[PDB]
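To keep things clear, I will list the structure first and then write my remarks on it.
In this analysis, Cβ positions are derived from the backbone assuming ideal geometry, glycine residues included, and neighbour counts consider all displayed protein chains. The values are calculated or read from the model by the stated rules, or taken from the named source; no laboratory read-out is quoted.
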Amino acid sequence: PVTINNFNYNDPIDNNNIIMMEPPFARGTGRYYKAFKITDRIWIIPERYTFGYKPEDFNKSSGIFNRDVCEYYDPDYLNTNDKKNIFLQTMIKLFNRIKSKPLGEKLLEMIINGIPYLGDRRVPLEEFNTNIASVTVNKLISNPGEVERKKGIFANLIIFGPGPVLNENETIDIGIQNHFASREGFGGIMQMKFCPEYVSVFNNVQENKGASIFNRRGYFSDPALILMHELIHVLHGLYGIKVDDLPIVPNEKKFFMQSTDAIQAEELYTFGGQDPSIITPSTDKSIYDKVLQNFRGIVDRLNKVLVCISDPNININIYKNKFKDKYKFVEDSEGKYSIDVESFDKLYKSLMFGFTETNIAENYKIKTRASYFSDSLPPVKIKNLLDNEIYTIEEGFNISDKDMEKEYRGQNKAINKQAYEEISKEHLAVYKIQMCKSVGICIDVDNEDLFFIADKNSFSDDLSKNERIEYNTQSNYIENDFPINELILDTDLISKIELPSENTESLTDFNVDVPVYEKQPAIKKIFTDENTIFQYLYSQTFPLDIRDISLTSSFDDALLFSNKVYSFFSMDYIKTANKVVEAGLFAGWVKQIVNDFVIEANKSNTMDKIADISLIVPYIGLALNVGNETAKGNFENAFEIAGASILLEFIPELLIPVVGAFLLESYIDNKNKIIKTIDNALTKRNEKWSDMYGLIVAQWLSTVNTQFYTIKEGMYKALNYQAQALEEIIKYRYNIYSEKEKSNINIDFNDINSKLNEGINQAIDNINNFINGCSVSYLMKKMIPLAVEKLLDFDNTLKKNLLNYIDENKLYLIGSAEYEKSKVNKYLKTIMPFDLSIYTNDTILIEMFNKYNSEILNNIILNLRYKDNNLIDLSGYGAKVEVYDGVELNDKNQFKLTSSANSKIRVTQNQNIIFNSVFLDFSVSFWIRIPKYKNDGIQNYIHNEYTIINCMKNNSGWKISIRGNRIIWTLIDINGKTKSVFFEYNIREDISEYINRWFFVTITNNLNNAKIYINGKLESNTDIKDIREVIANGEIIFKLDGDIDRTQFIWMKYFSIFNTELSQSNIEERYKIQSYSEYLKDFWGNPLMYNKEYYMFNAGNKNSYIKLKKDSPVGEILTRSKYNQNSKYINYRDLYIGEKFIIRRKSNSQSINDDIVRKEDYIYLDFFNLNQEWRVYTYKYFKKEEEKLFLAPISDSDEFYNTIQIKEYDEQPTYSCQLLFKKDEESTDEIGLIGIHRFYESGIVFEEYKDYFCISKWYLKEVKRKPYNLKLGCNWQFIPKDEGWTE
Ligand SMILES: [Zn+2]
Ligand SMILES: [Zn+2]
């Protein structure tokens, strides 16, 4: 096990466990340091790290060492013996906490046993040289004051206290002659600067730290995890695997980009979590290859080591045995050491992926930051880690015996306040960027606030290189993952070979490279007249010396006047917030303005289903003005058009290399080595696919998802500022009253803050769900497709490459040259689907991905919508749309295809979508209005089939065509095999629900069937087992093509395509979402208009129509006349009959031109009688359930109701509408609904029943029934003359 020693600072120097050490960076000179051996091979020196630093650097200055850290300075730390001892006692306690769990102890055991190899690159293979600064360190044995006697010792780790910046912990390695033994397999003495007291702070971005903003928020770090984080670097250094490779360097070309040091992969592996994914699979293998090569050298030396010049007392065997166990080398019965790939692999993965900060945090139930790239905060000071009441060895701060175990409560700042203290900002130093405008107003922005955008250089181009395929060549996949359980349960992970004695010859060669550090300006002034996120956030703040502010929607006034604060919330909200009231009305105003704030913030849950967007945060652009000038115009519209790309502050330039070529080695007269070279090139191809996706993901995570992170944090801020301004105003107005008045004002500020911070939290969750959605969308639509392209390009090349190979060897393949001929076409056919869970295992990211893929709307690969007199694809896949001069377009998203040759639309689809899933899986939905047949052209109508939408590529694909009253869906697989399904509507109906009327079509295709849906209802099905591969992404031509009549035309709307099969459920919903409108519709399905002539139709009496009775002011109901000719193919009732009505507006007298009729509108229902315009009226004084309507010239009578309110009681789609008579707008007295009633007439001559145009109260209760009864006599539809219907 691991034994932790005990001692006090003042304990006597015994030259064994309490020595006088000569530190590695002292160069064999200077004074010694009282060092204590906390454990074998590990020393603690409770003194400030001063190597490379100037004495004055320890004081806070106008400079800083690291640009990405809030640096704390305090030169008095450890300046007394008691302070040094408290340090020792804390270190001892932290180590005990560490070994308190199997994982932590094994980490300690690996470190104690991971003794540096004796010597480095310089040392001859045959030797062991201990006289080098990275292997040996001296201790002064002799009496005080005289360095007369020295003793050498072996060591693995020396831990010092902090250097200038206390919260800047660092593991340092020993370089000698520009080389590091710790980076070449040898290993070497590792050093560290560490501070247990002043720990870092962080807060889960996509979450609320104690659901508080007006409260302290975020969590503070557990010093034991901080220590283990450094201990992991030590582990790496001790095993000589701390190699350097291609680093993640940040782009710094723009003022909004975050400046920082290059980040090595070793760092990201140490942190763990998702960061490893930022290291492409290419560089993962590189690093692996370097380390393995490093171990080959060591394993070779162990076979050649014969002596140790530096120390004749060294026992060569004991050391060969130790090293053999360290590097897990294997040994035969002779003593020949060699590398076992298995054992090496497991050791490598253990060290780079098992021991990570994330795994360790999860294991010790300690909470930590969610990513390497996450805004750093001011550190806090831990009161007393030595008091078992605040921090214990077993649980740290999360002591269950204080209900501090659950949810990491012990580390929650807003909860465990008696455990820490904030720090004097006067001792903190932060690198700032001073953004100045050419004038000059300037603002300070902490480098941590800017966007971290990885530079293109950060990524490897190893994909663009050629690869020799041989019967050997195999797949190379490195798992940036490890099973922490096995590691914890590993029997032979922890060596059981005795550790060599640490005493040895003194060091005489003190040669070593000592780093020199120095502060750099903490402020960098830049010039820009831009007003982006930083400026917009700034305009929402106000000075401490100011207490009277007012809100404004004017960003420019907010920046100018100190007493003005910018607000991205509504105009009404802003007025109410600036409103001053009487003390007696203050409470009420507080309730109101607060409630309003919540409403405004909650607009973050806005839906936009009609534009196929389930969630949109409308105020994001006004709040931050991030990306492409998002504060201007309507954000929602802008988002509908360009999507997530508009929110990005910068569009990266991706690295998507042309996959290098393949070199297949031929084996003449050889059936195996040849077939192998084939299979291996096939599987290698798959590795190129997986690897290319890794490169994409790594780039997404460090150039795109980081920007969206900043946006999320910007919104958290924006919202908080608003809450702070309203807070400031409420306090101000309240304090303007006298104490007497205040006593009678009932107000509770904790409450106000609660309601406010609550609304903030609801919006934060919306905003996060929204932004993550945008991030995943950008990955899938703007990145993955660009990779797929190249990967496909690669495939083809490799295709002819393998075919040309299976050919040159045709002979040696004999009766199979044709078998593995297809075996190649059948493999290079199905492409590898992108799956994020492969390139990472971060729970948060996987969830983002799964959520994205569960939302059907993301399966839209084409969505033609109108925008500025044109049609464009808004699916976000970039389809190029060509609309020619013959296509008629309007803002109701309707387009007309005529018989003219120039009436066509050309759509070039995106070839880079996993469309060809191999069995045809996709859907097409759209609305269409097909004109009525010309009665004299009935023969050709039922005979000529004409294509309307054609999508072919290599004689394969789909097509939509029309033959009279039938719409047909046709598929043609690669084998030319044709299949169809169709929907035909009846053309002998008195009243058709389809002829010349807008209706919704949806066609779904899966492996088995082809289904046609009409208005959500399934109408037709076709078994399509046969039909093989169908090339569905060819060019799409929208044009009438066939033997048509010059007058033939077709109107279309909302054409879109999904690369999946829509369910009846999805389709029903789409129908309802696209049927929705605030206005009513006419018979054909178009918007209802004012001042437009219409004949009336009654859904309850289809074959009836209204005629003004000759003798009386009543409207009689007569039977519609029918189709007169003799065709056996057609029958219908006349629609252009009865009175010609016209709907007139009631309110605002803005003449009688034309406009749209909306639900709940008040209107006059008039009609034309000869040269006059008459009106529909209701005699005010009837007492029966119903009565006949009064029709007469326009006039104002005291005895008649002349005002109607157009209604819509049906919740489901319908072109029917109802007409209500009320006592008057404001009233709630419902006179009745217009309909048709049957009366009995018995005169001196005639005796019969007759229906009249009436009004009935009876309808009032029928319209409430569910399902809505469409057959009620109160349902009407307006039929205007339409070129699409002639009779
Ligand atoms: Zn680190
Ligand atoms: Zn960062």
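Strands (runs of 3 or more DSSP E) fully within the range 916-995 that include at least 1 residues being within 19 Å of residue 1039 (Cβ to Cβ): 922-929, 945-953, 956-963, 966-972. Looking only at the range 895-915, residues that are part of a strand (DSSP E or B) and under 33 Å from the mean Cα position of the chain (by Cα) come to 3 in all. Scanning the range 1129-1144 for residues that are in a strand (DSSP E or B) and crowded, with 18+ Cβ neighbours inside 10 Å returns 1133, 1141, 1142, 1143. Just one of the listed residues (1037, 1044, 1067) is surrounded by fewer than 21 Cβ atoms within 10 Å (Cβ to Cβ), in contact with a strand residue (DSSP E or B) (Cβ under 8 Å, 6 or more places away or on another chain), of a type outside the set (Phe, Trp, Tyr) and outside any loop (DSSP other than H, G, I, E, B), and it is 1037. Evaluated against (1) part of a helix (DSSP H, G or I); (2) assigned by CATH to the domain that holds residue 765, residue 817 falls short on exactly one condition, (1).
Scanning the range 1024-1062 for residues that are polar (S, T, N, Q) and touching a helix residue (DSSP H, G or I) at 6+ places or on another chain (Cβ under 7 Å) yields 1059, 1060. Does residue 1233 qualify as being surrounded by fewer than 20 Cβ atoms within 10 Å (Cβ to Cβ) and not basic (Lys, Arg)? It is false that residue 1233 is surrounded by fewer than 20 Cβ atoms within 10 Å (Cβ to Cβ) and not basic (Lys, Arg).
If you go through the range 713-740 and keep only what is away from ligand 2 (no atom under 14 Å from the Cβ) and of a type in the set (D, E, K, R), you end up with 717, 727, 728, 731, 733, 739, 740. Only residues that are within 16 Å of ligand 1 (Cβ to nearest atom) and surrounded by fewer than 18 Cβ atoms within 10 Å (Cβ to Cβ) were counted in the range 146-181, giving 1.
The lone criterion from (1) surrounded by fewer than 13 Cβ atoms within 10 Å (Cβ to Cβ); (2) part of a loop (DSSP other than H, G, I, E, B) left unmet by residue 584 is number (2). When the residues of the range 15-36 are filtered to those that are within 53 Å of the chain's Cα centre (by Cα) and part of a loop (DSSP other than H, G, I, E, B), the one that is surrounded by the fewest Cβ atoms within 10 Å (Cβ to Cβ) is 27.
Taking the conditions exactly as written (of a type in the set (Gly, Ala, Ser), more than 15 Å from residue 268 (Cα to Cα), in a loop (DSSP other than H, G, I, E, B) and within 16 Å of ligand 1 (Cβ to nearest atom)), does residue 376 satisfy them or not? In short, yes. Looking across the range 1147-1161 at every residue that is part of a loop (DSSP other than H, G, I, E, B) and of a type in the set (D, E, K, R), the one that is farthest from residue 1211 (Cα to Cα) is identified as 1154. Has the range 209-221 got any residue that is more than 15 Å from ligand 1 (Cβ to nearest atom), more than 25 Å from the chain's Cα centre (by Cα) and buried (at least 22 other Cβ atoms within 10 Å of the Cβ)? Yes, the range 209-221 contains a residue that is more than 15 Å from ligand 1 (Cβ to nearest atom), more than 25 Å from the chain's Cα centre (by Cα) and buried (at least 22 other Cβ atoms within 10 Å of the Cβ). From the list 169, 215, 208, 203, the one residue that fits, being within 16 Å of ligand 2 (Cβ to nearest atom) and farther than 22 Å from residue 133 by Cα, is 203.
Yes or no: residue 822 polar (S, T, N, Q) and not in a helix (DSSP H, G or I)?
Against the criterion (polar (S, T, N, Q) and not in a helix (DSSP H, G or I)), residue 822 does not qualify.
Of all residues in the range 332-362, those being surrounded by 15 or more Cβ atoms within 10 Å (Cβ to Cβ) and away from ligand 1 (no atom under 16 Å from the Cβ) number 11. Applying the condition of being of a type in the set (D, E, K, R) and within 16 Å of ligand 2 (Cβ to nearest atom) to the range 363-392 and asking which residue is surrounded by the most Cβ atoms within 10 Å (Cβ to Cβ) yields 369. Exactly one residue out of 112, 132, 64 is of a type in the set (A, V, I, L, M) and either within 16 Å of ligand 2 (Cβ to nearest atom) or not assigned by CATH to the domain that holds residue 428 (or both): that is 64. In the range 393-410, which residue that is farther than 22 Å from residue 204 by Cβ and of a type in the set (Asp, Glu) is surrounded by the most Cβ atoms within 10 Å (Cβ to Cβ)? The qualifying residue surrounded by the most Cβ atoms within 10 Å (Cβ to Cβ) is 394. Listed by position, the strands (runs of 3 or more DSSP E) inside the range 95-189 whose residues that are touching a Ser or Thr at 6+ places or on another chain (Cβ under 8 Å) number at least 1 are 136-140, 150-154, 170-173. Of the residues making up the range 805-864, those that are buried (at least 16 other Cβ atoms within 10 Å of the Cβ) and acidic (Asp, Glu) are 820, 842. When residue 439 is evaluated against the numbered criteria (1) away from ligand 1 (no atom under 16 Å from the Cβ); (2) of a type outside the set (D, E, K, R); (3) closer than 28 Å to residue 69 by Cβ, which criterion, by number, is the only one it fails? Only one criterion is unmet by residue 439, namely (3).
In summary, residue 1239 fulfils each of the numbered conditions (1) out of contact with any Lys or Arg (no Cβ under 8 Å at 6 or more places or on another chain); (2) farther than 30 Å from residue 927 by Cβ with the single exception of condition (1).
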